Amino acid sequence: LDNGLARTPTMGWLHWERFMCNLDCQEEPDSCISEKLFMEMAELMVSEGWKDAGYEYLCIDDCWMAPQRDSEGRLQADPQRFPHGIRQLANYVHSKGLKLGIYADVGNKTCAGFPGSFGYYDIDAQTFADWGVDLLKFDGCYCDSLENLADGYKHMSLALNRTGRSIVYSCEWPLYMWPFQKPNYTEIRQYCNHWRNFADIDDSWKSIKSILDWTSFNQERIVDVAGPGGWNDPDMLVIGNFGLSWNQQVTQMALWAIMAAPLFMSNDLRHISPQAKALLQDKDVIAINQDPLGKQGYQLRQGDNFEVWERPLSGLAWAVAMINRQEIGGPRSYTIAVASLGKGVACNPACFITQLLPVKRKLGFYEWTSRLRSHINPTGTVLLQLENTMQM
């Protein structure tokens, strides 16, 4: 989408995976979808270093809405959970230096059963623009055939444009297309700043594996269409929650950087370990994700429960990820000719290799003819940065 936005993958926080559709503010107030939750998340994004690290968008997912539209046909914030309305939350979020994302659905109802945009594409787009909304996530539930899905996604895109406000547009067009026919990524890219391809993540290693395996299986179809203004969206970062071991968390961060994924944390910023925080705020891995070249990486090799992924970076640098998919035993040795990495460019005539994950370690100069030898934890990833050099 040529709206001048998302020149790098969008970074922020989204409530869905962690907080879901919790409407019970009486018995579950700390986890219910309320203005107070977003106000508190906003403060902590500023004070706990998240905005500094690049996480800029505070995003509302499903279950912010009143059950019905107002008399004047507009969407309304839930009066009990959002009594001060979207406009004033937008003011609060802007006052902290952050941008505000909101959520709607192309079809008749949102996935959670709240008012769809089946008509109203134009008034809804305008409502968001009046409110101060800086990002829209547009889910695809309750949609009447391919024709409407496509038409709806294309309509809301132009509608947001016609508001003349800068609004990052986040689509699930491809994901809700698969059931009928293969997506057309060139068309989707025209209309959308990023697009969900695959089933909602949850707080599990199984979910990470299934997203990586779908991505690598399908990589010839999706890798090249990604670039500034249009990204593949493999769903939210779930680091800092309950389901992933330290190693599986390193794997998600490493490979979301390889895939030029948007980085939407879905966690509780009020209750997050120092380890998870340091990983999500790792300047060097964020720098790989945010690389201005904006070329998505890919899986180079698979075999013996090992995966090798790499991503081209600006200035003849490469990121390399080595995954151990063996879920038994100890750290496994993996060796590769440095020549085989970065299409033989990265280390011609030399590489300087820095390990970034699981810890940051200068490894030194590798000749084009060198071997790289590493040890990789089960369900973990080693992430390397290769800097092309004349020296040595």
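Residue numbers run from 1 along the displayed sequence.
Just going by the entry, 66-74 versus 51-59 on mean CA temperature factor gives the higher value to 66-74. Comparing the deposited coordinates for 264-272 and 82-90, the stretch with the larger average C-alpha B-factor is 82-90. As recorded in the entry, 116 carries the highest CA temperature factor of 243, 116, 297, 240. Taking the PDB entry at face value, the top CA B factor among 197, 219, 210, 186 belongs to 186.
Residue-level temperature factors show residue 367 in the highest third of its chain, judged at the C-alpha atom.
The PDB entry assigns residue 344 a C-alpha temperature factor belonging to the highest third of its chain's modelled residues.
Among all modelled residues in this chain, the alpha-carbon of residue 142 has a temperature factor (C-alpha) in the highest third. For residue 301, the recorded CA temperature factor ranks within the middle third of the chain's modelled residues. Sorting the modelled residues of the chain by their CA temperature factor places residue 383 in the lowest third.
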